[PDB]
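# Breakdown of the fold
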Amino acid sequence: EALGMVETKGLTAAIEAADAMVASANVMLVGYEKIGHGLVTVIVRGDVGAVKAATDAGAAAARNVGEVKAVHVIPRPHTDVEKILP
Amino acid sequence: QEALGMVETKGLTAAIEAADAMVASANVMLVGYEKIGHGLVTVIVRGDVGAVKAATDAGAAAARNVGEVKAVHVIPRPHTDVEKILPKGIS
Amino acid sequence: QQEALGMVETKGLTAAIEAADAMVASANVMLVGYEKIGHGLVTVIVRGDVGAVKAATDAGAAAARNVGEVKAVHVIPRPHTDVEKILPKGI
Amino acid sequence: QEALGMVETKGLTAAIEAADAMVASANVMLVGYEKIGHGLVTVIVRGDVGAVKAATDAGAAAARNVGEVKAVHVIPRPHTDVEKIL
Amino acid sequence: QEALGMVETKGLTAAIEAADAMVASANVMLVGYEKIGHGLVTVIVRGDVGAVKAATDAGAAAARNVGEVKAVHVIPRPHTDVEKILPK
Amino acid sequence: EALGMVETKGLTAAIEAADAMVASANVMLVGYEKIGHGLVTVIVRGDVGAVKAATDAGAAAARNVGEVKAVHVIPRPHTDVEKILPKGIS
Ligand SMILES: [K+]
């Protein structure tokens, strides 16, 4: 499964990002992470294509509410990565 | 399936003012506050969409007289469960 | 005889402690507690009759300003039941 | 009852130096440290008004050679609600 | 000889990309991530010095295409207790 | 026992300081403390001579990785080191 991230400045934009992403059935919300400086990351998993479309939609929705700081898809995460994940 | 309303401010004082106006202005329940650093605080309420829209408008308007409002937003119908789309530890 | 919440928000803890002590000096106001949101921002919260809370928060802000930086000062008149209900969990 | 003294520094290293200088005289009690972010750390002591005045003078004097002093303050007669934030 | 490798970013997405690139590019183990606030995130790996050097270079390069890298560093370490210096 | 401190902007510089500190002298790592603004304080303990040598080395090493904000040695803490240290570091 692929990993998708949308990172915003502001939690309100992050929640909007999350809601837009989980709107399609084959995308799973992994969780939120806060790292300070107002930066909040929403993490999802699913088929690569679904995650690409999802993160694009999440960034698109979020940018109307607040600031998008990063948008990224990892099609094939290496397995150790699952330890830093929520 | 209940709507979510959010007001995000710089500073806690403006957030508490938002919260007070939000729950005073409509039939909404205060979900909680979240702090995300850089002095930013998000106030979250839930209820029927009409109440949440009215509450959030009220919250944003009141807060601006107290501090800086950074974001204002309503999600009328969350796709996932309301407890699912929210960050842990808020309620 | 309607209750109010009064807030003084400072950058720096010493100024907040000074605000709290100055506010509770009048036998008419109760200290609810302090809240931290990071970035050096500290909010001191009191409750009591509205008039008392206005005078208290004025006095608290004035005292705090001689010690450090005040970022916000605000009074919220509140409903009879559940006056502290809008407050963040942990104060 | 007892006086309250505070030395607030930018940096933990300076607060610890402040703390060590304050507890050097025997009738001064270290209440503790508080962190509020932005690098700000407050050292809080208690004792007789005079001991606390001399203690906070000394703590600030020591701290300022290590980092920046942001606040130095004595409350000779704290109202007894204040013991809640401490 | 054992070594600790670190990539420190402003932003989490860049850190996750660094972590993934590091364990993909060399024979290193992900120890974990640390947050210190202010948006600063440190990803830490472990392995032999050569591998860690390759991993952190690759991790830093990948992270820079996603967000901001603040520091990249390799610490060669003693035989025993290599992780002892790490935060809890 | 003496206390040594190196305070940096960034965790990477702090961990580098910690490594140089323990490698350069007979000092024990007490822990790390984060105080906001990206600031991290690394604290060690040992005899004054070791702590002095360690903190100098730690500061020098950290400066190659990031910015050092404070470097300080307390040869003789008045109260035992456990009393002046913040709760949660050790
Ligand atoms: K699009």
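Chain D appears in the PDB entry as Propanediol utilization protein PduA from Salmonella enterica subsp. enterica serovar Typhimurium. Listed in UniProt under the heading Pathway, the comment for chain D reads: "Polyol metabolism; 1,2-propanediol degradation." According to the UniProt record, the Subcellular location comment for chain D is "Bacterial microcompartment".

Looking at the PDB entry, one finds chain A named Propanediol utilization protein PduA, with Salmonella enterica subsp. enterica serovar Typhimurium as its source organism. Its UniProt record gives chain A a comment under Subcellular location, which states: "Bacterial microcompartment".

### Some remarks on the interface of chain A and chain E
Counting residues at the interface gives 21 residues for chain A, matched by 23 residues for chain E. Of the roughly 1900 Å² buried between chain A and chain E on both sides combined, carbon and sulfur atoms contribute 66%. When the shortest N-O distance is used, the salt bridge between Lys 35 of chain E and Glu 33 of chain A registers 2.4 Å. Our enumeration of links across chain A and chain E arrives at 10 residue pairs in polar contact. For the side of chain A that touches chain E, the secondary structure elements donating two or more residues are β1 (2-9), β2 (27-36), β3 (39-46) and β4 (67-74) of chain A.

### Description of the packing of helix α1 (residues 12-22) of chain D against helix α2 (residues 49-63) of chain D
Residues and elements named next belong to chain D. One way to put it is that α1 packs onto α2 with a least axis distance of 8 Å and a crossing angle of 140°. For the pair α1 and α2, the sense of crossing is right-handed. Where α1 approaches α2, its residues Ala 14, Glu 17, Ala 18, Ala 21 and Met 22 are matched on the opposing element by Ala 55, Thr 56, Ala 58, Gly 59, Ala 62 and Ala 63. Residue classes in the contact of α1 with α2 are distributed as eight nonpolar, two polar and one charged.

### A look at the interface of chain A and chain B
Interface size, as often reported, equals the accessible area lost upon joining of the parts. Facing the 19 residues of chain A at the interface are 21 residues of chain B. Counting residues per element, the side of chain A that touches chain B draws most heavily on helix α1 (residues 11-21) of chain A, at six residues. By residue class, the composition of the side of chain A that touches chain B is 10 nonpolar, five polar and four charged.

### Focus: the pattern of salt bridges
Summed over all chains, the structure comprises 23 salt bridges over all chains. Across the salt bridge formed by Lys 69 of chain F and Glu 67 of chain F, the nearest N and O atoms sit 2.6 Å from each other. Salt bridges sharing partners connect three or more residues here, namely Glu 3, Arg 47 and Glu 84 of chain C.

### Observations regarding the sheet that holds β1 of chain A
All names here are of chain A. In space, the four strands of this open sheet follow the order β2-β3-β1-β4, with antiparallel pairing throughout. A single partner strand is all that each edge strand has here, and the edge strands are β2 and β4. Each strand of the sheet is rotated relative to its neighbour by a mean of 15°, with strand direction disregarded. The pairing of β1 with β3 spans eight bridges and is antiparallel.

Cut-offs and rules
Residues numbered from 1 in each chain as written, not as in the entry; some residues may be left out. Chains lettered and ligands numbered in written order. Heavy atoms only, no water. Residues with missing side-chain atoms left out of burial classes, pairs and counts. UniProt positions renumbered as here; feature names shortened; annotations may be inferred. Contact = heavy atoms within 4.5 Å. Buried area = accessible area lost by both parts, 1.4 Å probe. Salt bridge = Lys/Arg side-chain N within 4 Å of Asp/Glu carboxyl O. Polar contact = N/O pair within 3.5 Å; in protein donor to acceptor, adjacent residues only side chain to side chain. Helix = DSSP H or I, 4+ residues; strand = E, 2+ residues; numbered from the N terminus. Axes fitted to C-alpha atoms, helices over the stretch in contact; angles between N-to-C directions. Left-handed = near helix turned anticlockwise from the far one by under 90°. Nonpolar A, V, L, I, M, F, W, Y, C, P; charged D, E, K, R; others polar. Pairing = 2+ DSSP bridges.

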